[PDB]
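Data block for upload31.cif (mmCIF, C-alpha atoms and all ligand atoms):
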data_structure
loop_
_atom_site.label_atom_id
_atom_site.label_comp_id
_atom_site.auth_asym_id
_atom_site.auth_seq_id
_atom_site.Cartn_x
_atom_site.Cartn_y
_atom_site.Cartn_z
CA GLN R 1 153.63 93.86 143.52
CA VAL R 2 152.78 90.10 142.98
CA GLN R 3 149.06 90.24 142.03
CA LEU R 4 146.44 87.72 140.84
CA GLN R 5 143.41 89.77 139.76
CA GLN R 6 140.28 87.71 139.00
CA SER R 7 137.21 88.70 136.98
CA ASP R 8 133.89 89.98 138.44
CA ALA R 9 131.08 87.88 139.98
CA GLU R 10 128.98 85.92 137.39
CA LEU R 11 125.21 85.29 137.46
CA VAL R 12 124.12 82.71 134.82
CA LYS R 13 121.34 80.26 133.87
CA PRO R 14 121.68 76.48 134.32
CA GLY R 15 123.19 75.03 131.10
CA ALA R 16 125.30 78.11 130.31
CA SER R 17 129.14 78.30 130.38
CA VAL R 18 131.37 80.93 132.11
CA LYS R 19 135.05 81.78 131.66
CA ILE R 20 136.76 83.24 134.79
CA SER R 21 140.09 85.07 134.31
CA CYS R 22 143.11 85.38 136.62
CA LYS R 23 145.46 88.22 135.55
CA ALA R 24 149.01 87.71 136.96
CA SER R 25 151.50 90.55 137.50
CA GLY R 26 154.78 91.27 139.29
CA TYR R 27 156.59 88.00 138.40
CA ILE R 28 157.54 85.91 135.32
CA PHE R 29 154.27 84.29 134.21
CA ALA R 30 156.08 81.25 132.72
CA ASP R 31 157.84 80.39 136.02
CA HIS R 32 154.81 79.24 138.15
CA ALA R 33 151.74 77.06 137.65
CA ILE R 34 148.32 78.58 138.39
CA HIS R 35 145.92 76.31 140.28
CA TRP R 36 142.15 76.63 140.53
CA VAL R 37 140.15 75.93 143.70
CA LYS R 38 136.36 75.82 144.37
CA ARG R 39 134.90 76.97 147.76
CA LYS R 40 131.14 76.44 148.61
CA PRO R 41 129.88 78.56 151.57
CA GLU R 42 130.69 76.99 155.02
CA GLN R 43 132.18 73.96 153.14
CA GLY R 44 135.58 72.58 152.21
CA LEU R 45 137.94 73.63 149.41
CA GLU R 46 138.31 71.39 146.36
CA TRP R 47 141.22 71.45 143.90
CA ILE R 48 140.18 71.70 140.21
CA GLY R 49 143.53 71.57 138.31
CA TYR R 50 146.61 73.55 137.33
CA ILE R 51 148.00 75.03 134.17
CA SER R 52 151.81 75.44 133.93
CA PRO R 53 152.20 78.08 131.20
CA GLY R 54 156.02 77.73 130.87
CA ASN R 55 155.86 74.06 129.70
CA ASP R 56 152.10 73.86 128.65
CA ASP R 57 151.48 71.16 131.27
CA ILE R 58 147.75 70.97 132.34
CA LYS R 59 146.55 68.61 135.03
CA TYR R 60 142.93 68.07 136.11
CA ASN R 61 141.20 66.65 139.13
CA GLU R 62 139.28 63.69 137.45
CA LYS R 63 136.20 65.00 139.37
CA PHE R 64 136.22 68.22 137.22
CA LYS R 65 137.03 66.63 133.80
CA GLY R 66 134.04 67.42 131.56
CA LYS R 67 133.24 70.53 133.66
CA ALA R 68 136.41 72.69 133.75
CA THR R 69 138.82 73.72 131.00
CA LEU R 70 142.07 75.59 131.87
CA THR R 71 143.91 77.78 129.39
CA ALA R 72 146.58 80.49 129.67
CA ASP R 73 147.38 83.45 127.43
CA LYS R 74 151.10 84.22 127.76
CA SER R 75 150.53 87.46 125.75
CA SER R 76 148.37 88.85 128.65
CA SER R 77 149.84 86.76 131.56
CA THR R 78 146.22 85.61 132.12
CA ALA R 79 144.99 82.20 133.20
CA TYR R 80 141.39 81.21 132.38
CA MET R 81 139.04 78.60 133.77
CA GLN R 82 135.95 77.84 131.63
CA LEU R 83 133.14 75.96 133.42
CA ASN R 84 130.64 74.28 131.04
CA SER R 85 127.14 72.82 131.34
CA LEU R 86 126.42 74.71 134.58
CA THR R 87 124.07 73.60 137.43
CA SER R 88 123.32 74.93 140.95
CA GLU R 89 126.05 72.47 142.16
CA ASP R 90 128.56 74.83 140.34
CA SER R 91 127.51 77.89 142.46
CA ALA R 92 130.66 78.64 144.51
CA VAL R 93 133.58 80.99 144.99
CA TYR R 94 136.45 80.11 142.60
CA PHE R 95 140.05 81.08 143.37
CA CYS R 96 143.15 81.08 141.20
CA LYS R 97 146.45 80.72 143.08
CA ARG R 98 150.16 80.43 142.40
CA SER R 99 152.30 77.30 142.80
CA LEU R 100 152.16 74.54 145.43
CA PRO R 101 152.11 75.45 149.15
CA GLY R 102 155.49 77.07 149.89
CA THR R 103 157.22 80.37 149.43
CA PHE R 104 155.39 81.33 146.15
CA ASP R 105 151.87 80.65 147.56
CA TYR R 106 149.63 83.63 146.51
CA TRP R 107 145.85 83.78 145.91
CA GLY R 108 143.47 85.80 143.71
CA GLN R 109 140.60 87.62 145.49
CA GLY R 110 138.12 84.97 144.26
CA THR R 111 135.15 85.12 141.80
CA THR R 112 131.59 84.25 142.95
CA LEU R 113 129.62 82.19 140.41
CA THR R 114 125.85 82.08 141.00
CA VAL R 115 123.85 79.63 138.78
CA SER R 116 120.07 80.53 138.67
CA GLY R 125 120.52 65.55 138.95
CA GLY R 126 123.85 63.70 139.52
CA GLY R 127 125.57 65.22 136.42
CA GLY R 128 128.55 66.50 138.48
CA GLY R 129 131.83 64.56 138.91
CA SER R 130 132.68 62.28 141.90
CA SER R 131 136.01 61.81 143.78
CA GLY R 132 138.03 58.62 143.04
CA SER R 133 138.05 55.80 145.64
CA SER R 134 141.89 56.29 145.42
CA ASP R 135 141.89 60.05 146.37
CA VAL R 136 143.37 61.05 149.79
CA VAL R 137 140.65 62.19 152.28
CA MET R 138 141.71 64.85 154.81
CA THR R 139 139.41 64.73 157.87
CA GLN R 140 139.21 67.67 160.35
CA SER R 141 137.20 66.13 163.28
CA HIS R 142 135.81 69.54 164.50
CA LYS R 143 133.88 71.86 162.11
CA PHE R 144 133.62 74.35 165.01
CA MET R 145 135.98 75.07 167.88
CA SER R 146 135.67 77.54 170.81
CA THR R 147 138.61 79.23 172.62
CA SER R 148 139.47 82.13 174.96
CA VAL R 149 142.17 84.75 174.17
CA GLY R 150 145.57 83.51 175.52
CA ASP R 151 144.66 79.77 175.36
CA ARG R 152 146.45 77.15 173.22
CA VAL R 153 144.40 75.93 170.23
CA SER R 154 145.15 72.51 168.54
CA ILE R 155 143.42 71.81 165.18
CA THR R 156 143.98 68.29 163.84
CA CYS R 157 143.74 66.80 160.39
CA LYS R 158 143.87 63.03 159.69
CA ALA R 159 144.83 61.80 156.19
CA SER R 160 143.28 58.54 154.86
CA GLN R 161 146.80 57.48 153.62
CA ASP R 162 150.48 58.24 154.36
CA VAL R 163 151.14 61.73 152.84
CA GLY R 164 154.65 61.99 154.42
CA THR R 165 155.11 65.67 155.50
CA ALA R 166 153.48 67.28 152.39
CA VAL R 167 150.76 69.07 154.38
CA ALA R 168 149.90 72.75 154.48
CA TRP R 169 147.68 74.87 156.75
CA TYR R 170 145.62 77.88 155.58
CA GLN R 171 143.66 80.55 157.49
CA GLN R 172 140.62 82.14 155.83
CA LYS R 173 138.50 85.11 157.05
CA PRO R 174 135.07 85.93 155.55
CA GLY R 175 135.31 87.61 152.09
CA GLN R 176 139.14 87.17 152.09
CA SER R 177 141.36 84.65 150.24
CA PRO R 178 143.13 81.79 152.10
CA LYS R 179 146.47 82.70 153.70
CA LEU R 180 149.29 80.13 153.92
CA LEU R 181 150.40 79.57 157.55
CA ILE R 182 152.44 76.29 157.49
CA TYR R 183 153.91 74.07 154.78
CA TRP R 184 155.97 70.89 154.75
CA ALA R 185 153.93 70.08 157.93
CA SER R 186 156.03 72.34 160.25
CA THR R 187 157.59 75.24 158.24
CA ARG R 188 156.09 78.67 159.01
CA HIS R 189 155.42 80.84 155.90
CA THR R 190 157.11 84.27 155.78
CA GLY R 191 155.26 86.86 157.90
CA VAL R 192 153.15 84.37 159.91
CA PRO R 193 153.26 85.10 163.66
CA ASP R 194 155.56 82.98 165.86
CA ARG R 195 152.51 81.59 167.76
CA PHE R 196 151.48 79.38 164.75
CA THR R 197 153.24 75.99 164.70
CA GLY R 198 152.65 72.83 162.69
CA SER R 199 153.57 69.25 163.44
CA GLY R 200 152.99 65.77 162.12
CA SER R 201 153.84 63.14 159.52
CA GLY R 202 152.19 60.14 157.90
CA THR R 203 148.44 60.44 158.69
CA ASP R 204 148.28 62.85 161.70
CA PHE R 205 148.80 66.62 161.41
CA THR R 206 148.18 69.45 163.87
CA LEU R 207 148.15 73.24 163.66
CA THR R 208 148.83 74.76 167.11
CA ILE R 209 148.00 78.40 167.88
CA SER R 210 149.76 79.33 171.18
CA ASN R 211 148.51 82.40 173.11
CA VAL R 212 145.57 82.72 170.64
CA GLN R 213 144.35 86.27 169.85
CA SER R 214 140.97 87.66 168.62
CA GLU R 215 142.54 88.35 165.14
CA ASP R 216 143.13 84.50 164.92
CA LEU R 217 139.33 83.73 164.94
CA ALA R 218 138.83 82.43 161.38
CA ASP R 219 138.43 79.17 159.41
CA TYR R 220 141.48 76.85 159.25
CA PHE R 221 141.99 74.18 156.52
CA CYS R 222 144.72 71.50 156.04
CA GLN R 223 145.78 70.44 152.51
CA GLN R 224 147.88 67.46 151.36
CA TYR R 225 150.12 67.90 148.31
CA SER R 226 151.64 64.37 148.48
CA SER R 227 149.58 63.17 145.48
CA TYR R 228 147.04 64.40 142.92
CA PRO R 229 144.32 65.26 143.20
CA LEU R 230 145.36 67.76 145.90
CA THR R 231 142.74 67.54 148.69
CA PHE R 232 141.75 69.79 151.61
CA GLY R 233 140.27 69.08 155.03
CA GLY R 234 136.65 70.13 155.66
CA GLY R 235 137.73 73.20 157.72
CA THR R 236 137.51 74.25 161.38
CA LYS R 237 135.87 77.59 162.30
CA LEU R 238 137.62 78.87 165.44
CA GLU R 239 135.32 81.14 167.52
CA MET R 240 135.28 82.90 170.94
CA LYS R 241 133.84 80.94 173.92
CA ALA P 1 154.16 66.96 143.87
CA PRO P 2 155.19 67.15 146.60
CA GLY P 3 158.42 68.51 145.10
CA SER P 4 158.11 71.06 142.27
CA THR P 5 160.00 71.53 139.06
CA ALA P 6 162.21 74.36 138.16
CA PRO P 7 161.67 76.66 135.20
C1 LIG H 1 156.08 74.18 142.16
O1 LIG H 1 156.84 75.25 142.59
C2 LIG H 1 157.57 75.93 141.60
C3 LIG H 1 158.43 77.09 142.10
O2 LIG H 1 159.58 76.67 142.68
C4 LIG H 1 156.63 76.41 140.45
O3 LIG H 1 155.65 77.31 140.96
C5 LIG H 1 155.93 75.19 139.79
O4 LIG H 1 154.94 75.54 138.83
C6 LIG H 1 155.10 74.51 140.95
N1 LIG H 1 154.39 73.36 140.53
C7 LIG H 1 153.05 73.34 140.54
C8 LIG H 1 152.42 72.11 139.96
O5 LIG H 1 152.33 74.25 141.00
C1 LIG H 2 157.79 71.78 136.09
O1 LIG H 2 157.10 70.60 135.61
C2 LIG H 2 155.96 70.16 136.40
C3 LIG H 2 155.44 68.94 135.66
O2 LIG H 2 156.39 67.87 135.80
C4 LIG H 2 154.94 71.21 136.34
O3 LIG H 2 154.49 71.47 135.01
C5 LIG H 2 155.56 72.52 136.88
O4 LIG H 2 154.71 73.65 136.87
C6 LIG H 2 156.83 72.93 136.04
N1 LIG H 2 157.51 74.07 136.67
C7 LIG H 2 157.57 75.23 135.98
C8 LIG H 2 158.24 76.40 136.66
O5 LIG H 2 156.96 75.42 134.92
#
As structure tokens, what does this structure read like?
Ligand SMILES: *[C@H]1O[C@H](CO)[C@H](O)[C@H](O)[C@H]1NC(C)=O
Ligand SMILES: *[C@H]1O[C@H](CO)[C@H](O)[C@H](O)[C@H]1NC(C)=O
Amino acid sequence: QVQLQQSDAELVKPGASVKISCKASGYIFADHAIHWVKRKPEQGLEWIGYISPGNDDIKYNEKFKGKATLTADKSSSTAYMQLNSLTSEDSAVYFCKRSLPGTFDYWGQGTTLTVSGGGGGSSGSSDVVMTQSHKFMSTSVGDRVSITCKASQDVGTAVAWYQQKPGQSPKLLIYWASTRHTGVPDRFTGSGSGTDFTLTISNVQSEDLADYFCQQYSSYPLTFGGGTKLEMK
Amino acid sequence: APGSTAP
């Protein structure tokens, strides 16, 4: 009964704008911020910004200032992200999602933008970098899998882990470095603090073959690891 | 962040 329903795939010309919607239901719209996230095929997640409709607080990733504009219509419980001045570098899957990593984590189904030099934003030299050493990892059913994420600065224990399967939205596994999200199988454990974080999958099953991503929420902008695709040996 | 504010 919680739902975040995004608008349909968009196909546009370079230089156009698009406005992607995120219709929220099944909770009080005012009580949770809606975040926006960009995913490029085979590549890492990037945090765009949030809008907090209950207190009209809007925060952007500096990288997306001049590219993204977030609004929210309390009358329709709808969050909007407008992307302006579009280039091929804007072609991606865009997600809306609820809250920070934790018990209210919930994702829209995603919206694919397809756009028919160097005008895009850059990360700050100050931003935390989350490095997953392996882009690909092989296992056998029943083995233990360890996926590690190194942060470029002390992020304390404000680290989450997500699973994502093709055409599906990310699913929260772990937050606060070691806390399992409701419903996640016992075999998923998280550990770590400071700069070193690990997701362990004990007794790994075929349904666990997927991409895994770490995220720090110690400081803005929120940043994600590059992802590890776990596959069968 | 990392803590969140109430309504
Ligand atoms: C943090 O969590 C609370 C719920 O307890 C709200 O969803 C609040 O909007 C969140 N903050 C952000 C920035 O997403
Ligand atoms: C509480 O305030 C923070 C900013 O300090 C965020 O806007 C957050 O989303 C707010 N929480 C709620 C429920 O609106």
Please identify every polymer residue within 7 Å of ligand LIG 2 (chain H), using only C-alpha atoms and all ligand atoms, and present the set as a CSV table (one decimal) with C-alpha atoms, in the coordinates of the input.
chain,number,residue,atom,x,y,z
R,30,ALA,CA,156.1,81.2,132.7
R,31,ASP,CA,157.8,80.4,136.0
R,32,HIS,CA,154.8,79.2,138.2
R,33,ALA,CA,151.7,77.1,137.6
R,52,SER,CA,151.8,75.4,133.9
R,53,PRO,CA,152.2,78.1,131.2
R,54,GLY,CA,156.0,77.7,130.9
R,55,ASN,CA,155.9,74.1,129.7
R,57,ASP,CA,151.5,71.2,131.3
P,4,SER,CA,158.1,71.1,142.3
P,5,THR,CA,160.0,71.5,139.1
P,6,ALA,CA,162.2,74.4,138.2
P,7,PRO,CA,161.7,76.7,135.2
Distance limit 12 Å, reference ligand LIG 1 (chain H), atoms considered: all atoms listed in the file. Which residues make the cut? Give them as an mmCIF file with C-alpha atoms, in the frame of the given file.
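Output file result.cif is given in full below:
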data_model
loop_
_atom_site.group_PDB
_atom_site.id
_atom_site.type_symbol
_atom_site.label_atom_id
_atom_site.label_comp_id
_atom_site.auth_asym_id
_atom_site.auth_seq_id
_atom_site.Cartn_x
_atom_site.Cartn_y
_atom_site.Cartn_z
ATOM 1 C CA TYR R 27 156.590 88.000 138.400
ATOM 2 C CA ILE R 28 157.540 85.910 135.320
ATOM 3 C CA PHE R 29 154.270 84.290 134.210
ATOM 4 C CA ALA R 30 156.080 81.250 132.720
ATOM 5 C CA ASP R 31 157.840 80.390 136.020
ATOM 6 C CA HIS R 32 154.810 79.240 138.150
ATOM 7 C CA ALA R 33 151.740 77.060 137.650
ATOM 8 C CA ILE R 34 148.320 78.580 138.390
ATOM 9 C CA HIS R 35 145.920 76.310 140.280
ATOM 10 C CA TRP R 36 142.150 76.630 140.530
ATOM 11 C CA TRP R 47 141.220 71.450 143.900
ATOM 12 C CA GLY R 49 143.530 71.570 138.310
ATOM 13 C CA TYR R 50 146.610 73.550 137.330
ATOM 14 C CA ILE R 51 148.000 75.030 134.170
ATOM 15 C CA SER R 52 151.810 75.440 133.930
ATOM 16 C CA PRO R 53 152.200 78.080 131.200
ATOM 17 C CA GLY R 54 156.020 77.730 130.870
ATOM 18 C CA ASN R 55 155.860 74.060 129.700
ATOM 19 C CA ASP R 56 152.100 73.860 128.650
ATOM 20 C CA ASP R 57 151.480 71.160 131.270
ATOM 21 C CA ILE R 58 147.750 70.970 132.340
ATOM 22 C CA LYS R 59 146.550 68.610 135.030
ATOM 23 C CA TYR R 60 142.930 68.070 136.110
ATOM 24 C CA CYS R 96 143.150 81.080 141.200
ATOM 25 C CA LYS R 97 146.450 80.720 143.080
ATOM 26 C CA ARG R 98 150.160 80.430 142.400
ATOM 27 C CA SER R 99 152.300 77.300 142.800
ATOM 28 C CA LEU R 100 152.160 74.540 145.430
ATOM 29 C CA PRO R 101 152.110 75.450 149.150
ATOM 30 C CA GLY R 102 155.490 77.070 149.890
ATOM 31 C CA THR R 103 157.220 80.370 149.430
ATOM 32 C CA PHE R 104 155.390 81.330 146.150
ATOM 33 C CA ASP R 105 151.870 80.650 147.560
ATOM 34 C CA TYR R 106 149.630 83.630 146.510
ATOM 35 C CA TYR R 225 150.120 67.900 148.310
ATOM 36 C CA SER R 226 151.640 64.370 148.480
ATOM 37 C CA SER R 227 149.580 63.170 145.480
ATOM 38 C CA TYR R 228 147.040 64.400 142.920
ATOM 39 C CA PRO R 229 144.320 65.260 143.200
ATOM 40 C CA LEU R 230 145.360 67.760 145.900
ATOM 41 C CA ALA P 1 154.160 66.960 143.870
ATOM 42 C CA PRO P 2 155.190 67.150 146.600
ATOM 43 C CA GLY P 3 158.420 68.510 145.100
ATOM 44 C CA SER P 4 158.110 71.060 142.270
ATOM 45 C CA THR P 5 160.000 71.530 139.060
ATOM 46 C CA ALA P 6 162.210 74.360 138.160
ATOM 47 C CA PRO P 7 161.670 76.660 135.200
#
Can you work out the spacing between atom CA of residue R:67 and atom CA of residue R:22 in Å, to one decimal?
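According to the coordinates, atom CA of residue R:67 and atom CA of residue R:22 are separated by 18.1 Å.
The space separating atom CA of residue R:83 from atom CA of residue R:237 comes to 29.1 Å.
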If we count all atoms listed in the file and set the cut-off at 12 Å, which residues sit around residue R:11, ignoring sequence neighbours fewer than 5 positions away in its own chain? Please answer as a PyMOL selection string.
chain R and resi 16-19+86-88+90-92+111-116
So how many Å separate atom CA of residue R:194 and atom CA of residue R:182, to one decimal?
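Atom CA of residue R:182 lies at a distance of 11.2 Å from atom CA of residue R:194.
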Looking at R:163, R:207, R:20, R:168, which one is nearest to residue R:189, with distances taken over all atoms listed in the file?
R:168
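Ranking R:165, R:177, R:186, R:197 by their shortest atom-to-atom distance to chain P, with all atoms listed in the file included, puts R:165 first.
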List the spatial neighbours of residue R:215 as a PyMOL selection string - criterion: any atom at most 12 Å away, all atoms listed in the file, same-chain residues fewer than 2 positions off excluded.
chain R and resi 149-150+171-173+193+209+211-213+217-219+238-240
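Considering only C-alpha atoms, the residue among R:26, R:15, R:44, R:126 positioned nearest to residue R:233 is R:44.
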Using the file's own x, y and z axes, what box holds all listed atoms of stretch 229-238 of chain R with 4 Å on each side, keeping edges along x, y and z, and what are its centre and edge lengths in Å to one decimal, as AutoDock Vina command-line options?
--center_x 140.6 --center_y 72.1 --center_z 154.3 --size_x 17.5 --size_y 21.6 --size_z 30.2
Residues within 10 Å of residue R:175, please, as an MDAnalysis selection string. Count only C-alpha atoms; anything in the same chain fewer than 6 positions from it doesn't count.
chainID R and resid 93 109:110
Counting only C-alpha atoms, the residue among R:77, R:164, R:191, R:181 that lies closest to chain P is R:164
Nearest to chain P among R:176, R:214, R:223, R:236, with distances taken over all atoms listed in the file: which residue is it?
R:223
Counting all atoms listed in the file, select every polymer residue within 10 Å of (137.7, 85.8, 133.9) as defined in the file's coordinates, and provide the selection as an NGL selection string.
:R and (5-10 or 18-23 or 78-82 or 111)
